[PDB]
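See below for the structure under consideration.
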Amino acid sequence: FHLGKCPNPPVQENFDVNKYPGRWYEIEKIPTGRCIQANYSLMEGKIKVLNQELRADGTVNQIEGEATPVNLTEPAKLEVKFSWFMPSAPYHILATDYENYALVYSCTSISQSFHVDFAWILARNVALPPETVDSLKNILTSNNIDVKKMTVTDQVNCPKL
Numbered sequence: 003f004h005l006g007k008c009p010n011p012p013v014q015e016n017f018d019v020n021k022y023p024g025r026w027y028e029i030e031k032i033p034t039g040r041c042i043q044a045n046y047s048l049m050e052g053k054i055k056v057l058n059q060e061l062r063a064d065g066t067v068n069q070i071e072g073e074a075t076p077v078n079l080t081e082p083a084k085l086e087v088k089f090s091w092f093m094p095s096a097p098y099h100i101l102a103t104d105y106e107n108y109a110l111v112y113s114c115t116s117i118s119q120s121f122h123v124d125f126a127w128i129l130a131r132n133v134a135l136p137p138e139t140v141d142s143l144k145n146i147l148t149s150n151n152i153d154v155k156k157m158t159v160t161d162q163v164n165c166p167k168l
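The structure is reproduced here in structure tokens:
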């Protein structure tokens with residue numbers, strides 16, 4: 003919960019949705039499970056999403072949704088919807104190299120005077136070099152997004168996939 007309008011960081015340049023699908027593991031996030043992963047598949052800039060996690064008891068929580076480009080100008084600005092009852096939430100891909108990492112950002116106003124935001128660092132592998140994670144946090148920080156509440160997702164106590 004923060005003062006002001008939503009930050010509007012620049013998004014990934016020349017974003018190619020065709021190179022984005024498949025499995026991504028959640029490395030760190032602003033807390034909104040362990041072994042957290044997302045699976046994306048192409049529809050037609053549209054993406055089908057299956058998010059899955061393991062709980063402490065070893066049961067699996069899954070949710071399915073769809074991500075739709077918000078507009079025709081910026082293919083890295085999507086909105087995702089999981090349930091009929093839930094309004095779409097931004098899914099902005101701030102940066103990705105499609106083979107190693109992705110930084111995703113989402114912000115929602117609470118009137119024009121306040122906002123809440125979230126971010127996820129994702130990877131193709133279950134870990135990233137500390138230098139990559141730092142560089143990505145630097146993108147958030149330099150766009151006035153607080154990274155200090157970010158937590159490290161448990162990808163250690165997990166099945167080999």
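In mature numbering (1 follows the signal peptide of the UniProt record, and there is no 0), the protein residues as written are 3 to 34, 39 to 50, 52 to 168. Built from N, CA and C at the ideal position, the CB exists for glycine as well.
Short Cβ contact (8 Å threshold) for residue i with residue j
i, j, result
"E71", "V56", "yes"
"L129", "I32", "no"
"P97", "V19", "no"
"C165", "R62", "no"
"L147", "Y108", "no"
CA nearest to the CA of residue i, picked from the options
i, options, result
"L168", "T34, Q14, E30, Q43", "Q43"
"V77", "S95, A109, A134, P23", "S95"
"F3", "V154, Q162, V159", "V154"
"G24", "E106, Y46, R40", "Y46"
"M49", "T75, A63, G65", "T75"
"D161", "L135, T148, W91, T139", "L135"
"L110", "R131, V163, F121", "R131"
"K156", "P12, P9, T34", "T34"
Bounding residues of the beta strand (DSSP E) (the contiguous stretch that carries residue i)
i, result
"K144", "Careful: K144 lies outside any beta strand (DSSP E), inside the alpha helix (DSSP H) at 137 to 149."
"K84", "84 to 88"
"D124", "121 to 130"
"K156", "Premise fails: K156 is in no beta strand (DSSP E) and is neither H nor E."
Length of the line joining the Cα atoms of residue i and residue j
i, j, result
"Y22", "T103", "9 Å"
"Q59", "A126", "17 Å"
"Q14", "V67", "32 Å"
"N150", "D64", "38 Å"
"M93", "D124", "17 Å"
"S113", "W26", "17 Å"
"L79", "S90", "24 Å"
"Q119", "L5", "9 Å"
"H99", "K84", "5 Å"
Coarse secondary structure for residue i, derived from DSSP in three states
i, result
"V19", "helix"
"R62", "coil"
"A134", "coil"
"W91", "coil"
"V13", "coil"
Residue i beta carbon near the ligand MG (any heavy atom closer than 7 Å)
i, result
"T80", "This structure lacks the ligand MG; in fact it carries no ligand of any kind."
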